[PDB]
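J.: Count the sequence shown with the numbering used here and you get residues 914 to 1281, in order. Heads up, the beta-carbon is just placed ideally off N, CA and C, and yes, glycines get one too.
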Amino acid sequence: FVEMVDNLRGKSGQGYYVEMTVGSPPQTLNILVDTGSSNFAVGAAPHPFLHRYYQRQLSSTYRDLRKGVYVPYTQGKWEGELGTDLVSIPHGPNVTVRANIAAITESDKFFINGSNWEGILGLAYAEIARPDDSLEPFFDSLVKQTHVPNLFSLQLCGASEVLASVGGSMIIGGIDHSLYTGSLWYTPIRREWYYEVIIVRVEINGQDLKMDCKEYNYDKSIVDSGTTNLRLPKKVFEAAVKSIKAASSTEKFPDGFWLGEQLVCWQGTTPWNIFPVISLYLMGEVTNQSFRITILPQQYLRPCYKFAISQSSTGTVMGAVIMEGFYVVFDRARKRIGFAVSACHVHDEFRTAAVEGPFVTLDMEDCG
Ligand SMILES: CCCOc1ccc(-c2csc(-c3ccccc3Cl)c2CC(=O)NC(=N)N)cc1
């Protein structure tokens, strides 16, 4: 796993990517590591934001699947041609796998200017793969074609003209103990489509939001490296901001700030201590057992800073601001996701991101 440490990079807010190669000879590309989707999709045609793309004609091992894929979503869309080719991760397991590849031929609002990645590596399950679940996801092909164990770890570390550079590690097939400190707590993967989990309770600076369990997962809750913010269902979001505004209160802020769209600055003078910590209690492996994940303002305020907690209409999304500061294990083989305090992770001399348990919680089976 030493070879996989720091194999991730990105620009704050533009996602983390790992270097991959596709085709023969090897075509080097930077791929967004996304646990919130299940397709291995790469630009395969010129685009204003792409400085390089996958060229099937140059790959002697490319095999067309004669089959298209169309993916529209609210902001725009991407469209591609299904194919198969040899795929490797230079700073990952020393193996090469034949995987499905969605060659993006046209798109709008898919790629991001300056993000430095040319495709996406959807690490979620087949159920949500496009165009349907018969298109085996990359990780599935990896495990089926190799000896690599059905599990991967993600240590997202976070972080002037330039958006800040972020780094992290994607350990495939295992758990690197030097990457975390303390104990690893696991929450069950409720269902194998998105990496769905169940939040049983949340508190702002030790104070319980006292909401019905179901509201925390209203619709669903997922662990998604492909999302920057901690996104909360409306009701939970409103309750969370009110509580945070209170905690901060000694400074007031433009609510354009609270809405994530606008920024805020001081100049190492930041009054972190004024902002409360956020604890998300996740269902434990044992019925009435749960554990908490606690994040600092250093995590939900991303650098000037922008409030990185936003409203969701699609359930809770534990994105980067949540994952950063924790070592997250996607234990697919045991249908669970483990959290441990990250070897990296920003923290002052008064508080620290934490992973603690157990905490017992009555019902919770019914938080789903
Ligand atoms: C931190 C920046 C992340 O940048 C992104 C770039 C593209 C997409 C995206 C466009 S269409 C699409 C997509 C939508 C449905 C199925 C397949 C794909 Cl590739 C995705 C993946 C996605 O939605 N991931 C996610 N929510 N975690 C998402 C984030």
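#1: Can you list the beta strand (DSSP E) stretches of 3 or more residues lying completely in the segment 1155–1204, in chain order?
#2: Quick check on this structure: which residue in 1053, 921, 960 and 1106 has the alpha carbon closest to the alpha carbon of residue 1078?
#3: Is it a yes or a no for the segment 1104–1121 touching the segment 1183–1195, going by three-plus beta-carbon pairs under 8 Å?
#4: Tell me whether residue 986, by its Cβ, gets closer than 7 Å to a heavy atom of ligand 1.
#5: Quick check on this structure: which residue in 951, 1002 and 1273 has the alpha carbon closest to the alpha carbon of residue 1044?
#6: Per DSSP, residue 1038 is paired with what?
#7: Across the segment 1052–1068 and the segment 1079–1089, are there enough close Cβ pairs to call them in contact, namely three or more that are closer than 8 Å?
#8: Measuring from the CB of residue 1173, is there a heavy atom of ligand 1 at a distance below 7 Å?
#9: For ligand 1, any of its heavy atoms closer than 7 Å to the Cβ of residue 954?
#10: Distance check for residue 962 and residue 1027, CA to CA, integer angstroms please.
#11: Would you say the segment 1200–1209 touches the segment 1096–1116, given that touching needs at least three Cβ pairs under 8 Å?
#12: Applying the criterion that 16 or more other CB atoms from any shown protein chain within 10 Å of the CB defines a buried residue, is residue 1229 buried or exposed?
#13: Could you tell me the boundaries of the alpha helix (DSSP H) in which residue 1210 lies?
#14: Check the Cβ-Cβ distances between residue 1222 and every residue of chain C, and say whether any is below 8 Å.
#15: Measuring from the CB of residue 1018, is there a heavy atom of ligand 1 at a distance below 7 Å?
#16: Comparing C-alpha positions only, which one of 1125, 996 and 948 sits nearest to residue 1064?
#17: Roughly how many angstroms lie between the CA atoms of residue 936 and residue 1154, to the nearest whole one?
#18: Out of 1198, 1233 and 1242, state which residue places its alpha-carbon closest to the alpha-carbon of residue 1272.
#19: If we count the other Cβ atoms within 10 Å of its Cβ and call it buried at 16 or more, is residue 1217 buried or exposed?
#20: Using 8 Å as the cut-off, can you tell me whether the segment 1223–1243 makes contact with the segment 1126–1144, which would need three or more C-beta pairs spanning the two stretches below that distance?
#21: According to DSSP, is residue 1252 part of a helix, a strand, or is it coil?
#22: Is it the case that the Cβ atoms of residue 1020 and residue 939 are separated by a distance below 8 Å?
#23: In the DSSP assignment, the beta strand (DSSP E) including residue 994 goes from what residue to what residue?
#24: Does ligand 1 have a heavy atom nearer than 7 Å to the CB of residue 1052?
#25: Examine ligand 1 and report whether any of its heavy atoms sits within less than 7 Å of the Cβ of residue 1202.
#26: Starting from residue 1235, trace the alpha helix (DSSP H) in both directions and tell me its first and last residue.
#27: Residue 1038 and residue 1244 - do their beta-carbons sit closer together than 8 Å?
#28: Check residue 1126 in the structure and name its three-state DSSP category.
#29: Per DSSP, residue 934 is paired with what?
T.: Inspection of the coordinates gives the following:
#1: 1191–1196
#2: 921
#3: yes
#4: yes
#5: 951
#6: DSSP output for residue 1038 lists no bridge partner at all.
#7: yes
#8: no
#9: yes
#10: 7 Å
#11: yes
#12: buried
#13: 1210–1213
#14: Of the protein chains in the structure, only one exists, and it is not chain C.
#15: no
#16: 948
#17: 48 Å
#18: 1198
#19: exposed
#20: yes
#21: strand
#22: no
#23: 989–1001
#24: no
#25: no
#26: 1233–1236
#27: no
#28: helix
#29: 941 and 1001
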